[PDB]
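Student:
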Ligand SMILES: *[C@@H]1O[C@H](CO)[C@@H](O)[C@H](O)[C@H]1NC(C)=O
Ligand SMILES: *[C@@H]1O[C@H](CO)[C@@H](O)[C@H](O)[C@H]1NC(C)=O
Ligand SMILES: *[C@@H]1O[C@H](CO)[C@@H](O)[C@H](O)[C@H]1NC(C)=O
């Protein structure tokens with residue numbers, strides 16, 4: 068719905084709320100087959116240019132098949148093995164004797180078919196390319212005689228077109244050791260992906276969600292190479308199942324909060340930690356520290372719980388009361404008052420220190436705001452750019468309401484002499500306990 | 068001009084000077100159009116192989132158009148939004164009613180044309196592919212009758228060639244959610260990029276600079292998908308404007324500086340922080356901490372100010388006097404004396420500790436220098452490789468002059484017992500103040 | 068042989084042993100040539116569709132040649148320069164006058180040939196594409212007359228096929244500033260790579276190793292653009308030489324080890340540092356901290372010593388006795404008891420703290436183990452998944468034997484009040500010395 072933002076002057080941090088999240092909690096695997104032609108070289112005296120073109124493209128087909136064979140003989144392990152057991156188990160099932168013949172029988176008359184494997188998985192299989200029928204019907208009469216038959220020029224062009232998808236799949240599967248993500252249109256055409264979404268056991272609003280966000284679905288999918296066996300090329304496509312839908316999500320933005328003394332070396336800094344995406348999830352909060360783990364479209368966020376931490380919901384209280392005992396709100400400390408800016412969803416946080424020239428401009432009016440020393444904020448309403456030193460940032464012009472929450476910078480509550488300026492993952496209460504200990508070593512003496 | 072280097076034995080750091088910098092300070096946006104054919108399926112009884120090939124390639128054209136349509140319906144946000152407002156504003160301008168008709172009229176007779184949009188931007192537009200003219204003139208008479216007309220085989224091949232650039236642009240725009248960088252030759256041919264440079268409002272020496280460094284220009288450019296509307300495919304190419312030209316730049320190299328005691332656990336280490344590229348910029352220094360933010364060609368550096376910090380010019384005094392009060396020169400401390408080497412522009416810094424076998428060799432003479440324990444340096448004059456433990460590095464054979472600046476290692480000025488061995492972003496004066504405080508807790512008692 | 072694992076309950080760490088390593092210690096360079104046609108535009112009045120198709124593809128050939136020329140005029144430096152001196156030296160040798168004519172003479176009658184350059188390097192050269200013969204024999208009679216001769220349609224298709232590899236090599240060399248890795252099948256076909264392996268001065272078991280792991284060989288190879296000169300396109304392929312073969316390797320996995328008090332803020336944490344791959348190497352241990360520097364296939368590991376550290380073999384004693392004085396076993400400390408899990412080679416380490424719901428399940432039985440608070444471990448025997456909070460990990464189903472080494476968590480030997488909770492690269496003995504100093508400031512008073 069409405070994206071809103073809140074800047075907290077006291078902690079030099081902002082929270083962008085109103086996003087609807089879709090968290091991946093499951094996988095839906097599907098088998099993708101390509102019917103190949105088990106042919107061995109058939110060479111006869113041929114020299115007309117059309118026969119040469121056919122044998123050349125046919126050698127590129129045989130090399131693609133042998134390349135897929137040496138790729139499946141030794142498949143290198145990936146750091147994603149912890150996220151593909153749902154498809155690797157299917158490659159292991161297909162290696163069973165008689166199972167590849169089962170899917171070859173189910174896709175004998177139609178392109179799509181549900182197949183109950185010998186492990187209880189009712190998987191959906193597809194035959195996206197039929198080269199055994201094309202090579203054995205249109206090409207073999209040309210190459211398996213005493214002298215080779217002459218093909219028409221339309222066949223030469225049609226065979227380069229059909230063989231092309233095989234060659235490109237062999238390129239992607241070869242350079243990535245059998246595991247590719249995102250899933251390209253060569254692995255699965257957009258038409259095939261959308262048709263696979265319609266056949267998926269999900270609600271119509273959820274099919275509409277994945278169909279309206281097919282590129283995000285591709286970036287969160289996997290293509291795993293299985294086996295080439297018995298005139299069958301098989302590989303597993305692992306598509307995301309979003310077990311969490313429309314859950315509230317928010318993005319925390321943090322920036323250094325320093326004191327603004329005029330004598331360098333007498334200033335202390337503080338920055339809230341754990342900036343990133345937060346989503347309500349099953350009575351707790353799912354936190355995503357890495358930036359590429361959440362894809363954003365307008366008000367909607369698509370995250371993968373694979374690289375998340377699970378935090379108590381009280382972690383949100385660091386945004387309303389950071390000194391609050393229900394949650395130990397952590398900060399990092401330093402004496403590095405270097406100017407910077409953070410572009411948020413509806414504005415910009417500016418940490419200006421020293422002699423830095425910080426400003427906020429409108430495209431037609433020029434400079435409309437000059438920041439003084441400290442941490443401040445400006446909304447995108449009327450602001451186009453923000454300059455900090457020699458750097459110019461662009462402000463997101465997305466509609467929403469910003470709220471400037473005034474408050475005393477908490478860095479002012481600390482005596483500089485006893486401040487712990489060296490903490491990376493330290494608590495508010497951790498710093499207060501270190502201050503009680505450093506004040507005790509000087510107070511008693 | 069002449070690249071020179073200076074190794075500082077006192078701080079285990081080196082500075083490579085003499086580079087001429089080109090910093091990005093602006094964007095030059097340009098609209099790239101592809102005239103499409105608004106056709107709906109026209110199917111008649113056709114079976115000759117040439118008609119089938121034409122309808123097959125025509126279906127791949129219709130799917131590319133519908134794929135671009137679902138890509139433009141929901142465009143996922145990128146982390147680069149802070150750097151593309153200059154082009155996103157044009158996509159927003161094109162969505163206005165009547166504006167796409169304006170550029171369609173300006174490019175009605177010619178390929179290139181300057182167009183004054185309805186927002187005051189005099190942008191340069193180009194028509195790089197004309198599919199409406201080709202489909203409506205060469206293909207529609209073949210498919211919009213009672214029975215389909217027969218095309219010659221040259222047309223089938225020419226249509227696969229023309230439709231190819233559309234299909235590849237749809238692949239790049241699809242997998243990257245509409246924002247690609249670098250800009251491929253499919254988005255913009257080298258001929259089109261060089262012609263776009265000649266038409267750019269810049270000096271002839273600056274056009275010669277971008278034309279001689281077109282790959283760096285591509286890596287620092289963006290291609291943003293706009294709209295497919297009214298037989299027009301439009302997307303914005305955002306090219307860099309280097310507001311800073313020929314500015315002096317230098318690269319700081321740092322390596323751990325430890326003491327060389329024979330009893331492990333009694334040694335302290337120190338490393339200068341903020342290694343990377345520095346450029347003089349508008350009365351201050353622009354620092355680039357990330358390595359991929361500066362592309363290097365011979366004596367020339369191309370940086371993006373988007374990921375830079377602005378520092379006072381006194382930051383250079385950490386290279387001549389690190390104990391100098393005009394700038395608080397920061398270090399990080401530890402007790403981790405692990406051997407390593409850093410390949411600089413004209414030589415190699417070697418930090419050798421413990422039992423590590425450190426050496427510098429010439430390809431034909433073998434080992435020409437054996438490093439003892441501590442931090443040392445060797446020039447590329449006569450040296451080909453440097454070995455530290457089981458690792459062999461290659462020395463850059465670029466011509467320049469190295470200067471070995473002798474000096475006492477500053478790690479020797481510190482009493483080990485009271486050294487702060489746990490600092491990440493700590494100042495020289497910060498460590499000295501912590502030493503005055505740790506000496507006061509034991510001195511009084 | 069047999070992959071085994073050992074979980075150390077005392078340190079919340081696991082070691083996966085039994086891997087056979089192949090470390091890169093050398094480079095084998097090879098020159099790859101493409102015979103080009105030195106032609107200038109030859110235009111005559113031509114309009115038959117076949118002549119147009121030929122001149123169109125011929126312009127794409129001329130632009131690929133001029134694009135390679137502006138790519139070789141200014142070649143941008145890469146961060147890999149420290150790993151390609153073995154090939155850059157060959158590009159520098161080829162630029163000598165008369166040397167490109169030497170390899171052009173050796174490959175005058177055959178495709179492959181060993182050439183002794185004028186620098187003592189007996190390099191192996193290959194001619195993978197012959198465009199000078201094809202353009203000058205099949206195309207020039209069509210375009211160098213008063214009126215252009217008419218080519219047959221097979222030639223138009225064959226020329227688009229031959230020119231395709233040139234255009235794709237120009238794309239890869241253009242966007243990557245002349246240095247590509249991995250080496251694609253366009254730079255070197257799998258047939259050409261395997262044939263190049265057979266011709267390499269190595270043992271038959273080592274040729275069998277690289278031939279069975281060609282994708283790992285590609286990912287650890289470089290393609291460097293040299294020169295386009297005198298109807299010759301030359302570029303260097305740098306293939307890895309594994310000077311270390313079948314060396315024992317092991318992977319260290321680490322996870323936070325905290326105390327499990329019921330009052331938050333009273334808990335201290337500890338984590339072993341330096342997780343990653345270790346290999347026995349030349350009397351020392353080669354450590355690889357980055358994850359992408361070692362490619363794994365079953366029991367075999369392929370590492371690059373370029374991004375490794377050399378450690379004494381006593382570093383393995385951190386796995387059997389971390390309090391052992393022969394090696395200073397380092398840890399990092401904090402008070403951040405956030406739950407997490409690490410998927411190992413044969414199981415999973417689980418660090419469960421607070422209210423987190425940690426469990427281990429079997430696909431058909433459901434939850435088979437509930438972890439209590441602390442650091443624990445479960446083998447893959449009977450376990451399919453592990454859930455920590457809202458995150459589900461997949462356990463690797465690889466066969467091997469796990470050993471649970473019981474022991475007291477070492478975090479319990481520390482008094483919380485005087486624990487140093489702020490260390491990043493700190494030693495066991497470092498923490499004990501800081502504890503002796505913090506106990507001395509309170510003990511005397
Ligand atoms: C520091 O001392 C004050 C005074 O009693 C106390 O209220 C506060 O909780 C202490 N902080 C910690 C972290 O123990
Ligand atoms: C430490 O003490 C000396 C002695 O007066 C003084 O000169 C120096 O500036 C002090 N360092 C700091 C950082 O205060
Ligand atoms: C701390 O004190 C004990 C008691 O003598 C000693 O055995 C130990 O080695 C000391 N630790 C360090 C790091 O000096």
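Protein chains in written order, with the numbering used here: chain A, 68 to 512; chain B, 68 to 512; chain C, 68 to 512. Note that the Cβ used here is the ideal one computed from N, Cα and C, for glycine as well.
1. Residues of chain A with CB under 7 Å from residue 273 of chain C, in chain order?
2. Please list, in chain order, all residues with a C-beta atom less than 5 Å from at least one heavy atom of ligand 2.
3. Output yes if chain A places a C-beta closer than 7 Å to the C-beta of residue 107 of chain C; else output no.
4. Who are the near neighbours of residue 348 of chain A in its chain, counting only those whose CB is closer than 7 Å to its CB and skipping five residues on each side?
5. Could you tell me which whole alpha helix (DSSP H) segments of length 4 or greater appear in the stretch 261 to 347 of chain A?
6. With 9 Å as the C-beta to C-beta threshold (strictly closer), list the residues of the stretch 186 to 213 of chain B near chain C in chain order.
7. In chain A, which residues lie less than 7 Å from residue 401 of chain C when you measure between Cβ atoms?
8. With 7 Å set as the bound, which would you pick, yes or no: does the beta-carbon of residue 118 of chain C sit closer than that to a beta-carbon of chain B?
9. Report the rounded CA-to-CA distance for residue 232 of chain B versus residue 449 of chain B, giving the unit in angstroms.
10. Would you please verify whether the beta carbon of residue 157 of chain C is less than 7 Å from any beta carbon of chain B?
11. Can you have a look at residue 486 of chain B and say buried or exposed, based on whether 16 or more other CB atoms are within 10 angstroms of its CB?
12. From B/209, B/432, B/212, B/332, pick the residue whose C-alpha is nearest to that of residue 500 of chain C; which is it?
13. Could you pull the start and end residues of the alpha helix (DSSP H) that residue 134 of chain B belongs to?
14. I need the boundaries of the beta strand (DSSP E) containing residue 72 of chain C, first residue and last residue.
15. Decide yes or no for the touch test of the stretch 343 to 360 of chain C against the stretch 315 to 331 of chain C: beta carbon pairs closer than 8 Å, at least 3 of them.
16. Using only CA atoms, which one of A/198, A/368, A/351 lies nearest to residue 277 of chain A?
17. For residue 215 of chain A, decide whether its Cβ has a neighbour in chain C, counting only Cβ atoms nearer than 7 Å.
18. Flag residue 112 of chain A as yes if its beta-carbon sits less than 7 Å from any beta-carbon of chain C, otherwise no.
19. Between the Cα of residue 102 of chain A and the Cα atoms of A/72, A/191, A/69, A/196, which residue gives the shortest distance?
20. Quick one: which chain C residues come within Cβ less than 9 Å of residue 285 of chain B?
21. Please report the straight-line C-alpha distance between residue 283 of chain A and residue 275 of chain A, rounded to a whole angstrom.
22. What is the DSSP secondary structure of residue 432 of chain C, counted as helix, strand or coil?
23. May I ask you to report which of helix, strand or coil DSSP gives residue 369 of chain B?
24. Under 8 Å by Cβ, that's how I've got residue 117 of chain C and residue 221 of chain B pegged, so tell me the actual separation to the nearest angstrom.
25. So, using beta-carbon positions, are residue 242 of chain A and residue 268 of chain C closer together than 7 Å?
26. Residues of the stretch 119 to 145 of chain B with a CB closer than 9 Å to any CB of chain A: list them in chain order, please.
27. Any Cβ of chain A within less than 7 Å of the Cβ of residue 293 of chain B?
28. Give a yes or no on whether the minimum CB-CB distance between residue 350 of chain A and chain B is below 7 Å.
29. Starting from the N-terminal side, write out each stretch of the beta strand (DSSP E) that is 3 residues or longer and does not extend beyond the stretch 400 to 476 of chain C.
30. Nearest-angstrom Cα distance between residue 78 of chain C and residue 492 of chain A?
31. What residues are listed by DSSP as bridge partners for residue 364 of chain B?
32. With the cut-off set at 7 Å, would you say residue 406 of chain C and residue 455 of chain C are in Cβ contact?
33. Would residue 444 of chain A pass as an interface residue toward chain B - the criterion being a Cβ-Cβ separation below 7 Å?
34. Would you say residue 433 of chain C faces chain A, with C-beta separation under 7 Å as the test?
35. Kindly indicate the opening and closing residues of the beta strand (DSSP E) around residue 354 of chain C.
36. Identify which residue in A/467, A/94, A/203, A/400 has its Cα closest to the Cα of residue 490 of chain A.
Tutor: If we stick to the structure as given:
1. Correct list: empty, because the minimum Cβ distance to chain A is about 16 Å.
2. Counting every residue whose Cβ lies closer than 5 Å to a heavy atom of ligand 2, we get B/496, B/499, B/500, B/503.
3. Judged by the 7 Å Cβ criterion, residue 107 of chain C is not in contact with chain A.
4. Excluding positions up to five away in sequence, the list reads 90, 311, 314.
5. Runs of alpha helix (DSSP H) with 4 or more residues, each lying fully within the stretch 261 to 347 of chain A, are found at 271 to 279, 281 to 286, listed in chain order.
6. For the stretch 186 to 213 of chain B, the beta-carbon criterion of a distance under 9 Å to any beta-carbon of chain C is satisfied by none of its residues.
7. Neighbourhood of residue 401 of chain C in chain A, by CB distance below 7 Å: 492, in chain order.
8. Not closer than 7 Å to any Cβ of chain B, the Cβ of residue 118 of chain C fails to qualify, so no.
9. Going from the Cα of residue 232 of chain B to the Cα of residue 449 of chain B covers about 50 Å.
10. No, no contact with chain B.
11. Flag for residue 486 of chain B reads buried.
12. Nearest option by C-alpha distance: B/332.
13. From DSSP, the alpha helix (DSSP H) with residue 134 of chain B extends over 116 to 140.
14. DSSP places residue 72 of chain C in the uninterrupted beta strand (DSSP E) bounded by 71 to 75.
15. Result yes; three or more Cβ-Cβ pairs closer than 8 Å.
16. Closest by alpha carbon: A/368.
17. Not an interface residue.
18. Judged by the 7 Å Cβ criterion, residue 112 of chain A is not in contact with chain C.
19. Comparing Cα-Cα distances from residue 102 of chain A to each of A/72, A/191, A/69, A/196, the minimum goes to A/196.
20. Per Cβ cutoff of 9 Å: 241, 242.
21. Answer to the nearest angstrom: the Cα atoms are 13 Å apart.
22. Here DSSP, grouped into helix, strand and coil, assigns residue 432 of chain C to coil.
23. Note: residue 369 of chain B maps to strand in three-state DSSP.
24. Between residue 221 of chain B and residue 117 of chain C the Cβ distance is about 6 Å, and since that is below 8 Å, they are a contact.
25. The criterion of a C-beta distance shorter than 7 Å is not satisfied by residue 242 of chain A and residue 268 of chain C.
26. So the list reads 119, 120, 123, 124, 130, 133, 134, 137, 138, 140, 141, 142, 143, 144, 145, given in the order they occur along the chain.
27. So no, residue 293 of chain B is outside the interface.
28. No, no contact with chain B.
29. The stretch 400 to 476 of chain C contains these whole beta strand (DSSP E) runs: 407 to 410, 414 to 419, 425 to 429, 433 to 437, 441 to 446, 452 to 455, 458 to 461, 468 to 472.
30. Each residue's Cα considered, the two are about 21 Å apart.
31. For residue 364 of chain B, which the question treats as bridged, DSSP gives the partners B/367.
32. Yes, the Cβ-Cβ distance between residue 406 of chain C and residue 455 of chain C is below 7 Å.
33. No, residue 444 of chain A does not count as interfacial toward chain B.
34. Not closer than 7 Å to any Cβ of chain A, the Cβ of residue 433 of chain C fails to qualify, so no.
35. Segment 351 to 355, the beta strand (DSSP E) holding residue 354 of chain C.
36. Measuring from the Cα of residue 490 of chain A, the nearest candidate turns out to be A/400.
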